[PDB]
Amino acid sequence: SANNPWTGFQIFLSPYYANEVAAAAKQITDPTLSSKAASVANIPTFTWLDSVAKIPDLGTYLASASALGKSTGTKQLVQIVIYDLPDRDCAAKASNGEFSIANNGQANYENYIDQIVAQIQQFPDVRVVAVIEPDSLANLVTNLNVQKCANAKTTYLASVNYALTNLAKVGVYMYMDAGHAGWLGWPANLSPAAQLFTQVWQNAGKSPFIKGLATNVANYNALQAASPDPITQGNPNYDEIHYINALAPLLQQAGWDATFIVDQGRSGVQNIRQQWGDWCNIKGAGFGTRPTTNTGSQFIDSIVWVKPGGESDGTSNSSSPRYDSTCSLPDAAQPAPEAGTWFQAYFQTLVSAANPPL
């Protein structure tokens, strides 16, 4: 559409990922692979506000971006993920978070958003693009029979609404997480998904800052598959482009000219999954298509790297309170550390298997 949030901005590179990547690159023994790995720090990624502890980091990113804009004569754009719902990750165990509904969670989440808003308010010269709460709304479309999700539904809807409503007041451009083609892209799920997203968009006042939806976050699907991955049997929407082409018209009819961003950060190697629902630390993945607004689709504002490759999806240690058996499947890299922490061997495979090559 007319207003792509990326037009006219330089993306501020993640300092958090840059620090992980720089340290990772010096441990890659092959010199050629090491320089390729270090270059990953110059590829724009989203930085996750996965705990309240990350909010001061956001302040430093905004302040550094503001200064860099003035020094270089540009307008800077900071890419973040809002990811701290109470009872987070309701249909899995790997990414449970610090807030719980039974321990003051909804109010704590409000305070988390308020502190984020207070940082962003100080730097109106910096644009912010935020992905809102990966997995949450998709779980409310398809997984209401999961009791943790059912019990979390009102809290998720309230909290997501609070985030959208308040981040809009400081001009944040927002893409609500919308799963991926193997989750909400099933033709039968398209309309339930559209109805929920439209309701959420209406509840937040149809703000122009709510641009649309993010897809494939922390997943591995192709944007445009050469051949349909065998895992997609039964679903004519076998890649992200098919999913988006099928979902976007439903949003437009409901009144929302929604646009999309698509994670490709771990899509470089296809055919690594035994089953479509194998989401955890998939062995042999490589970095995918670099971020770009040259997306080939009327509905897609940008290809993006949302999940930072190298950060684990979940522990394979069955003794941890966050153990999910998806992370021990024959196609999951093991042993794997706790979700969100650095997985050096996984990062080095992502570099070596990058497609296009680094």
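Residue indices: 1-based, along the sequence shown.
Comparing 67-75 with 118-126, the stretch with the higher mean C-alpha B-factor in the PDB entry is 67-75. Between 51-59 and 328-336, it is 328-336 that carries the larger average Cα temperature factor according to the deposited entry. Highest CA B-factor among the listed residues (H180, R88, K169, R273): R273. Note on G212, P134, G205, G286: the highest value goes to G286, judged by CA B factor as recorded. Remark: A102 belongs to the middle third of its chain, ranked by C-alpha B-factor as recorded.
Residue-level temperature factors show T232 in the highest third of its chain, judged at the C-alpha atom.
Ranked by Cα temperature factor within the chain, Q298 sits in the middle third according to the deposited record. Among the modelled residues of its chain, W279 has a C-alpha B-factor that falls in the middle third according to the deposited record. Remark: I11 belongs to the lowest third of its chain, ranked by C-alpha B-factor as recorded.
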